[PDB]
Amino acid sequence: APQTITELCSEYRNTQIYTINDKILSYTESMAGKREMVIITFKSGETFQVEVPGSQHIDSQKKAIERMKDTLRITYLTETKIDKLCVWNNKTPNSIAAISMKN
């Protein structure tokens, strides 16, 4: 198994590592029909999404998708600094695949 996020990220196509080194600036969450997602932004101006669960996801990614949204909400509320994000760049906003934080 991978041992860092850089590594996990280079196993997939259309992705990229973003070095954040910052807390989340805004948290957006929606429960509207077909728009059940989370958007975050940074002071740098970047915007990321956790995508609405869809046909592109495998079954084992569904619980992971709710956990990610859980993680982002709590990271926002505690002002925890995020280290890196591994994101899919064929979407807009770019879509979160993985996250890392370090103390």
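Residue indices: 1-based, along the sequence shown.
When the C-alpha B-factors of 27-35 and 52-60 are averaged, 52-60 comes out higher. Mean CA B-factor, 38-46 versus 69-77: the higher value falls on 38-46. Among all modelled residues in its chain, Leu8 ranks in the middle third by Cα B-factor.
Split the chain's modelled residues into thirds by C-alpha temperature factor. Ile99 is in the lowest one.
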